[PDB]
Amino acid sequence: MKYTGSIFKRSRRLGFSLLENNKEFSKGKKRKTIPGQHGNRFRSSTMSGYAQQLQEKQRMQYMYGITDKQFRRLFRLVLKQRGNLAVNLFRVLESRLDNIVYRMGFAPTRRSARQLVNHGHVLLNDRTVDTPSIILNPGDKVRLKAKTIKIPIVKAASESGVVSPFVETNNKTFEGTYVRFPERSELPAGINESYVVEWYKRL
Amino acid sequence: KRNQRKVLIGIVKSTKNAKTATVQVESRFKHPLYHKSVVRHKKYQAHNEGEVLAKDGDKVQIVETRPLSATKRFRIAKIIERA
Amino acid sequence: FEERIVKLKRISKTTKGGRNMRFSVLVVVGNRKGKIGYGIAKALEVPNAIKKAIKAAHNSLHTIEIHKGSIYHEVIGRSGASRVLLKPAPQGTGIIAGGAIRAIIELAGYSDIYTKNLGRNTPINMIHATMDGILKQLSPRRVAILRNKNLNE
Amino acid sequence: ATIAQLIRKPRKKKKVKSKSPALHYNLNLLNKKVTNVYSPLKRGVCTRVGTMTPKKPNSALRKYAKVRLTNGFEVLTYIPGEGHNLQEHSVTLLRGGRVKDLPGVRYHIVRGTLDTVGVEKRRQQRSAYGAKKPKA
Amino acid sequence: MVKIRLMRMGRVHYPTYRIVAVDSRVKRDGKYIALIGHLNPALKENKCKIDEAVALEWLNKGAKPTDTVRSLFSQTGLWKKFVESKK
Amino acid sequence: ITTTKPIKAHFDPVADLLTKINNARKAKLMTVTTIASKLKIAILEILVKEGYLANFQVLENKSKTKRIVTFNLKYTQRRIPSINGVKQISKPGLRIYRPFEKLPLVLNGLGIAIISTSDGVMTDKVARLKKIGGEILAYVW
RNA sequence: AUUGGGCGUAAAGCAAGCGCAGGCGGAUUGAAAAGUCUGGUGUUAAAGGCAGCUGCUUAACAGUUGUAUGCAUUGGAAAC
RNA sequence: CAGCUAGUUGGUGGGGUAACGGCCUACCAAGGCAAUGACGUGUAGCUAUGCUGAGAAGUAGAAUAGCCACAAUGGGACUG
């Protein structure tokens, strides 16, 4: 299963918004307690190192909608080269095609953005692709296939959106590019790459 | 003409057999795993062509040649004085 | 100053008519810049024991020196038949060690390191051995001073 | 000890033994001989089925089977689950695994095989004890 | 005839023959003596570069090429550097 | 001169020299004596030129029979020795031989190892300079 | 447990001695060069491992180029 | 598992083999191997390699490739 049905259940327990900030943005008296009958008081009485390593892992990967072996493969790929392991890892986790679509703001949610990629509504480098696990390099153009523009949602998405500094796009022409490699501080700070990278004694 | 030869100084045991003598060589090699330096011995056969009578305790050399017989495969080429 | 505990132990001495349950705790104190100390104390309750251990550790502190965030020469810690090894890891590998070893090295403001547990695994002996191995580190500038080859030799 | 001594007598490994040897040996007909090819799990035909008591720390009435493999070996076995369908010389299938409470017993019947029908009315994890998924 | 011949070292649906000099009584893609370039009959526009140095050594001391090798030697010009030198 | 004491050499020269240094370091001794040998003389020379110990004098009697060498160990005004740990790798019956590319580095270069390749005893760093390997005598740091 | 363990009380120093073969072994000089190091050449099939590149919509993968390791011969070094 | 080996070791003339050769043959001799492991029992096709490891090395010799041996079992020879 590449899709997880429930999304707010992750934001509650993990204490981190899967979206930008709208996971617990006062939606129906939004809470922060862990899901289930036992959310009364279990704050911290056995919080161990392995627990926080798992927690950081889950905050990092389900936010991108990735599975375990796929992300292990991503680690094996990023270990091939030489450089700062954490920054390179997070750059790889940022180079995914569906992630770039959200950075373009073509979809309200990353979950929605991943769906356009599968159906072929996203065209990359003049050759259409339908795989969300593409690794992109700087200077790659992205277009909306010049087809299926008349989505009542894509217009509501590309109209208003926060474009990060490390990428640039044109709203009207539906054309963008991957300008440069993002910096750690330019992304949400609730992800400590060190714990995830040092928990991998697997390889 | 890439013919070869093995410089193996040996210790002839005896010429007891008919016009044939046994040469003993103490090769030094390195132990395969424990890295120590040890020596092993193996008997070599040769035939006394007639010019010399290699008695007990002489030290000689060994050269390759055709198989003159079963288990007798090397002959004398160069000889150094007795002991 | 993170004061991350390592192993609390439930100890008790017998007495006529009852068992004097007075458990003890162990703490590690480090300023993440070179200050390191440890302290073991006992009390009847968790907070009292924790406070006593922190006071004992912070009262007796001792310094360590950092070169590129790592040990620079391999050293083995011989103490109480429980050996701990340190090695000069290259800059990319990051922190890898056991429980108590990771606690000590992380609170020492350190970085990348290579360790391997030897002998027993009782936390107090591991702490003693690791501290001994890290303080017998003889600085390159020190041997430069005590030799005639001070000029980068 | 000294290097000059281990050359004469090299070291010898411990050579630990298998946890369950019955499933490893096998023998054919037509010049029968043992070939010990470490097969994962064999089957067998039960010969004696009864109950026995466990050792000191526990207390129960555990049901066991004295099954005979495809070869001539006889091995004790524990019958898991709620009840059993062992039927006095009915063929079954086995699987390794040690039980602390029963000395000698070092095997389990895989429930869901030829005759040993799986535990009925078991809906927790449904995989061990050979249970089918109930209708939705 | 030590025969310069093609070897299907490659994956299914995507063959990749490597021109090689091997004895006639040897199976496909087996042991060989020397390697002579390769062929990729999926990529077009002169995708058959070879060594051209030791191939002449092979032909000049006895080697019968195969029909598929004919184009791979003619397009580069091996015949036009071999036939007259043969005389 | 006028040592007024009988001194003898233990055994193979490499082990004999190291034990005296280690024991003197541990007991805070300053002067020791031992029988002389050109291997030991050369290793003491390279040791003193690597700045690990004070004066050594090789002494001969009023004849050509016996030669002995006495060497003082480097100290400080605060009485801390320069020698920290000595360990011999070469050993009778365990002759160790490493090529140039496998030349060891003692405590990340902080220590000094004695490697007599072809020109007598000769330090590991100048061994890398001359890129010649051979016998490995002992680690000193 | 060669690197990488131990034998007082935890398993383990034979009851002791005479001892051949074996291992080890004082100082100095000479030669040889068997060990030791190093230079050249030959070889160590191909595929695979490692690094880079290309091609499969990207990986799995395939191809592509370099890559270790030992052996034999030859020329020197003389510290052990 | 302490002796094993009687074409077993050597020579002389001959035959035979693509060729050297106790491979065989007539004669004369009694040697050869073995504690640095012969002979015998049991097991196993060997290797490049897969897996694990940090490394020495452990592990099975999957796919594939090189070599070896076989084609119900035991022998014989023709053509080439």
# chains A, B, ... in the order shown; residues from 1 in each chain; ligands from 1
>>> residues_around(residues="range 22-30 of chain D", least_positions_apart="3", cutoff="6 Å", atoms="only C-alpha atoms (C1' of nucleotides)", output="NGL selection string")
:D and (33-39 or 41-42 or 71)
>>> residues_around(residues="residue 119 in chain A", least_positions_apart="6", cutoff="10 Å", atoms="only C-alpha atoms (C1' of nucleotides)", output="list in words")
residues 129, 130 and 131 of chain A
>>> residues_around(residues="residue 44 in chain D", least_positions_apart="3", cutoff="9 Å", atoms="only C-alpha atoms (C1' of nucleotides)", output="list in words")
residues 67, 68, 69, 70, 71, 90, 91, 92, 93 and 94 of chain D
>>> residues_around(residues="residue 56 in chain H", least_positions_apart="3", cutoff="9 Å", atoms="only C-alpha atoms (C1' of nucleotides)", output="PDB file with N, CA and C atoms (P, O5', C5', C4', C3', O3' and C1' of nucleotides), in the first residue's frame")
ATOM      1  N   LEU B  33      48.331 -18.776   7.137  1.00  0.00           N
ATOM      2  CA  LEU B  33      47.420 -17.988   7.958  1.00  0.00           C
ATOM      3  C   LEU B  33      48.099 -17.378   9.173  1.00  0.00           C
TER       4      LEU B  33
ATOM      5  P     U G   2      44.804 -16.737  18.093  1.00  0.00           P
ATOM      6  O5'   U G   2      46.284 -16.153  18.004  1.00  0.00           O
ATOM      7  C5'   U G   2      47.180 -16.572  16.985  1.00  0.00           C
ATOM      8  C4'   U G   2      47.814 -15.398  16.282  1.00  0.00           C
ATOM      9  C3'   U G   2      47.172 -14.041  16.539  1.00  0.00           C
ATOM     10  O3'   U G   2      47.673 -13.435  17.716  1.00  0.00           O
ATOM     11  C1'   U G   2      47.527 -14.341  14.209  1.00  0.00           C
ATOM     12  P     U G   3      46.727 -12.512  18.626  1.00  0.00           P
ATOM     13  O5'   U G   3      46.397 -11.256  17.700  1.00  0.00           O
ATOM     14  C5'   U G   3      47.365 -10.242  17.478  1.00  0.00           C
ATOM     15  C4'   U G   3      46.915  -9.256  16.427  1.00  0.00           C
ATOM     16  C3'   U G   3      45.618  -8.512  16.709  1.00  0.00           C
ATOM     17  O3'   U G   3      45.809  -7.398  17.567  1.00  0.00           O
ATOM     18  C1'   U G   3      45.609  -9.326  14.483  1.00  0.00           C
TER      19        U G   3
END
>>> interface_residues(of="chain C", to="chain H", cutoff="12 Å", atoms="only C-alpha atoms (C1' of nucleotides)", output="PDB file with C-alpha atoms, in the first residue's frame")
ATOM      1  CA  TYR C 114      33.910   4.817  16.210  1.00  0.00           C
ATOM      2  CA  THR C 115      33.400   2.692  19.324  1.00  0.00           C
ATOM      3  CA  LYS C 116      33.007  -0.975  20.189  1.00  0.00           C
TER       4      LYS C 116
END
>>> interface_residues(of="chain G", to="chain F", cutoff="12 Å", atoms="only C-alpha atoms (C1' of nucleotides)", output="PyMOL selection string")
chain G and resi 2-3+23-28+35-39+76-80
>>> decode(residues="range 61-80 of chain E", atoms="N, CA, C and O atoms", output="CSV table (one decimal), in the first residue's frame")
chain,number,residue,atom,x,y,z
E,61,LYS,N,46.0,-13.4,-39.6
E,61,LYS,CA,46.5,-14.7,-39.2
E,61,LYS,C,45.4,-15.8,-39.2
E,61,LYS,O,45.6,-16.8,-38.5
E,62,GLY,N,44.3,-15.6,-39.9
E,62,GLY,CA,43.3,-16.6,-40.0
E,62,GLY,C,42.1,-16.3,-39.2
E,62,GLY,O,42.0,-16.6,-38.0
E,63,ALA,N,41.0,-15.8,-39.9
E,63,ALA,CA,39.7,-15.6,-39.2
E,63,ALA,C,38.6,-15.4,-40.2
E,63,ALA,O,38.7,-14.6,-41.1
E,64,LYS,N,37.6,-16.2,-40.1
E,64,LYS,CA,36.4,-16.1,-41.1
E,64,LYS,C,35.3,-15.3,-40.4
E,64,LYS,O,34.7,-15.9,-39.4
E,65,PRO,N,35.0,-14.1,-40.8
E,65,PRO,CA,33.9,-13.4,-40.1
E,65,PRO,C,32.5,-13.9,-40.6
E,65,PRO,O,32.4,-14.6,-41.6
E,66,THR,N,31.5,-13.5,-39.9
E,66,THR,CA,30.1,-13.9,-40.1
E,66,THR,C,29.4,-12.9,-40.9
E,66,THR,O,29.9,-11.7,-41.1
E,67,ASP,N,28.2,-13.2,-41.4
E,67,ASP,CA,27.4,-12.3,-42.3
E,67,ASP,C,27.1,-11.0,-41.5
E,67,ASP,O,27.1,-9.9,-42.1
E,68,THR,N,26.7,-11.1,-40.3
E,68,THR,CA,26.3,-9.9,-39.5
E,68,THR,C,27.5,-9.0,-39.3
E,68,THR,O,27.3,-7.8,-39.2
E,69,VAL,N,28.7,-9.6,-39.3
E,69,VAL,CA,29.9,-8.8,-39.2
E,69,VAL,C,30.3,-8.0,-40.5
E,69,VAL,O,31.1,-7.1,-40.4
E,70,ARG,N,29.6,-8.4,-41.6
E,70,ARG,CA,30.0,-7.7,-42.9
E,70,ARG,C,29.7,-6.2,-42.8
E,70,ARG,O,30.6,-5.5,-43.2
E,71,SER,N,28.5,-5.8,-42.4
E,71,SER,CA,28.2,-4.4,-42.4
E,71,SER,C,29.1,-3.7,-41.3
E,71,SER,O,29.7,-2.6,-41.5
E,72,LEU,N,29.3,-4.3,-40.1
E,72,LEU,CA,30.0,-3.7,-39.1
E,72,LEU,C,31.5,-3.5,-39.4
E,72,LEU,O,32.2,-2.7,-38.8
E,73,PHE,N,32.0,-4.3,-40.4
E,73,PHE,CA,33.3,-4.1,-40.9
E,73,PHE,C,33.4,-3.2,-42.2
E,73,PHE,O,34.4,-2.5,-42.4
E,74,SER,N,32.3,-3.1,-43.0
E,74,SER,CA,32.3,-2.4,-44.2
E,74,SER,C,32.0,-0.9,-43.9
E,74,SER,O,32.7,0.0,-44.6
E,75,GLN,N,31.1,-0.6,-43.0
E,75,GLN,CA,30.7,0.8,-42.8
E,75,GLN,C,31.9,1.6,-42.3
E,75,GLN,O,32.2,2.7,-42.7
E,76,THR,N,32.7,1.0,-41.3
E,76,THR,CA,33.9,1.6,-40.8
E,76,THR,C,35.0,1.6,-41.9
E,76,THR,O,35.8,2.6,-42.0
E,77,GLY,N,35.0,0.6,-42.7
E,77,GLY,CA,36.0,0.5,-43.8
E,77,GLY,C,37.1,-0.5,-43.6
E,77,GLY,O,38.2,-0.4,-44.1
E,78,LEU,N,36.8,-1.6,-42.9
E,78,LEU,CA,37.9,-2.6,-42.6
E,78,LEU,C,38.2,-3.3,-43.9
E,78,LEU,O,39.4,-3.6,-44.1
E,79,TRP,N,37.3,-3.6,-44.8
E,79,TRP,CA,37.6,-4.2,-46.1
E,79,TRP,C,38.5,-3.3,-46.9
E,79,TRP,O,39.4,-3.7,-47.5
E,80,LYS,N,38.2,-2.0,-46.9
E,80,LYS,CA,39.0,-1.0,-47.7
E,80,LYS,C,40.3,-0.8,-47.1
E,80,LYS,O,41.1,-0.1,-47.8
